[PDB]
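One chain is shown next in structure tokens, namely the form deposited in one PDB entry.
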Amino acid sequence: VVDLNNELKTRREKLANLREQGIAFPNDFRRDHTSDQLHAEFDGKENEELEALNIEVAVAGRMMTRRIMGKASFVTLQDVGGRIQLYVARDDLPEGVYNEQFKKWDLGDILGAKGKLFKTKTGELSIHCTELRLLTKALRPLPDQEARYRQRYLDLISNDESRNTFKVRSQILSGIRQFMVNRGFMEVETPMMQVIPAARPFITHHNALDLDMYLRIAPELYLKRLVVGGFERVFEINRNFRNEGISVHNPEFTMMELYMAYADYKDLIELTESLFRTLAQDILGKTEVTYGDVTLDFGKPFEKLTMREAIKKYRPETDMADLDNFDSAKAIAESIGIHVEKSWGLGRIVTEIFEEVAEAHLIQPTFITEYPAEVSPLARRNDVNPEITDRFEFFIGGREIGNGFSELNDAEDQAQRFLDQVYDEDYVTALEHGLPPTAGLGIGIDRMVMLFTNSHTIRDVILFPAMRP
């Protein structure tokens, strides 16, 4: 509506005026109370004690609602911790400000107010203002559902949903850090640019060294070098980059890899559990957490299932014996509607079948273990049965939330596998110097946040998701 176009005319003019009058953008006002502080400490006292205590306060915020009742007014201010009602009254206020100023201010303006606190007829706490003034002139007025992403600030002003999501995103991160730190872990910062990296790479170039670098897709190898070097309990929460498309998938998401010496994946499985269950318990309180059509329960121990067990559980009609023989597995793959490429060996047919049949039903928090060697990266072969490897994938809401291994510290085998998929020479060399047996944890922070704040898209948890120009 062209309504807003006049708003730009008026407000822009009002400011050219403020420049004539004084400092247009004063930075000298200092508050001392935020809505929530006031609420949590005064919300339960009737007028009486307020009248006695005579507690005067100072607040600052943005002007959301203004009800001009002639010579008295009710304005509601919004700061970082919520909303507080202000009683603006011409005679209690300095002379000439209520009419020649307050009334010429707009909604959206950043104001400061000092006065005695009380409560009105309808029951809301308010501040009888003996002082009130404009701090910043809002040149523009207050605010598909993608604009909510293009100008997150506008979003954070409007939606309490978002401001709560993000406020909690932080609460979670610092939560993870301290939980790990309690268990003798040390966070570390490794390179973001490597010279050697299954995903696409953000390739860049260094000027003063004419050498093409890569944005990390994971800090796995650098972290293990630290274990070799002796830091036996380290982790790193930070950005990883995957050069693909933005699936409302984000080009740069936050991951947490952590490593622990003298332990195996099972020990991480148990750590992962206690992590999710302590964060939900301290940050959200309820052990069951509503998430869309479903309710997630971190109260009861997570489900533990091998990939073999999973397939049988969700495709009950599978005569398992068929999976132990290539041809019967090929036919079990096809009859479920699976395009069996020529290269695929028993291990991939089966894992693929798991993906089709049971991955999506893993709604409750669940660990799937024993993945075939084939479909495995630098996966540590199981001693008793080398057909499978010592790794687990963590699942919540049908999504991959976690990862975990018993790290392959067998240099010669590692090396063979690098050449296998074609190679960090220095890594192998590091292994050759000796990496203690170690377990590695992998966690997608973003998805964990979604499953804790109820968000149902990654964009709802990244303050500035990449937008298509």
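The first residue of the sequence shown is number 1, and the count goes up from there. Heads up, when I say rigid core I mean the largest set of C-alphas that superpose within 1.5 Å between the two forms.
Peer 1: Please count the deposited residues lying between residue 197 and residue 198 that the model leaves without coordinates, and give the class: none, 1 to 3, 4 to 9, or 10 or more.
Peer 2: The entry leaves 1 to 3 residues without coordinates here.
Peer 1: Would you class the number of unmodelled deposited residues between residue 181 and residue 182 as none, 1 to 3, 4 to 9, or 10 or more?
Peer 2: Count of unmodelled residues in between: none.
Peer 1: So which stretch wins on mean C-alpha B-factor, 62-70 or 24-32?
Peer 2: That would be 62-70.
Peer 1: Look over 96-104 and 259-267 in the entry and identify the one with the greater average Cα temperature factor.
Peer 2: Result: 96-104.
Peer 1: Taking the values straight from the PDB record, which of 254, 170, 389, 120 has the highest C-alpha temperature factor?
Peer 2: Highest C-alpha B-factor among the listed options: 120.
Peer 1: In the PDB entry, which of 343, 165, 369, 190 has its C-alpha at the highest B-factor?
Peer 2: That would be 343, according to the entry.
Peer 1: Pull the Cα B-factor of residue 356 out of the PDB entry and bin it into the chain's lowest, middle or highest third.
Peer 2: Middle third - that is where residue 356 ends up once the chain's C-alpha B-factors are sorted.
Peer 1: Looking at the entry's B-factor column for C-alpha atoms only, identify whether residue 450 ranks in the lowest, middle or highest third of its chain.
Peer 2: Lowest third of the chain for residue 450's C-alpha B-factor.
Peer 1: Would you check the entry's CA temperature factor for residue 131 and let me know if it's in the chain's lowest, middle or highest third?
Peer 2: Within its chain, residue 131 is a middle-third residue by C-alpha B-factor, going by the deposited values.
Peer 1: Test of reading the entry: by CA B factor among the chain's modelled residues, which third contains residue 44?
Peer 2: Its C-alpha B-factor belongs to the highest third of this chain's values.
Peer 1: Ordered by C-alpha B-factor within the chain, which third holds residue 407? Give me lowest, middle or highest, please.
Peer 2: Lowest third, going by the recorded CA B-factors of the chain.
The same protein has a further form, the form deposited in another entry, not shown here; the description that follows concerns it.
Peer 1: Relative to the superposed core, which single residue of 136, 328, 76, 130 shows a CA shift of 2 Å or more between this form and the one not shown?
Peer 2: It is 328.
Peer 1: Would you say residue 347 moves between this form and the one not shown, meaning its CA shifts by 2 Å or more once the core is fitted?
Peer 2: After core superposition, the displacement of the residue 347 C-alpha between this form and the one not shown reaches the 2 Å mark, so yes.
Peer 1: Does residue 189 move its CA by 2 angstroms or more between this form and the one not shown when the core is aligned?
Peer 2: The answer is no; the displacement is under 2 Å.
Peer 1: Once both forms sit on the same rigid core, is the C-alpha displacement of residue 338 at or above 2 Å between this form and the one not shown?
Peer 2: After core superposition, the C-alpha of residue 338 moves 2 Å or more between this form and the one not shown.
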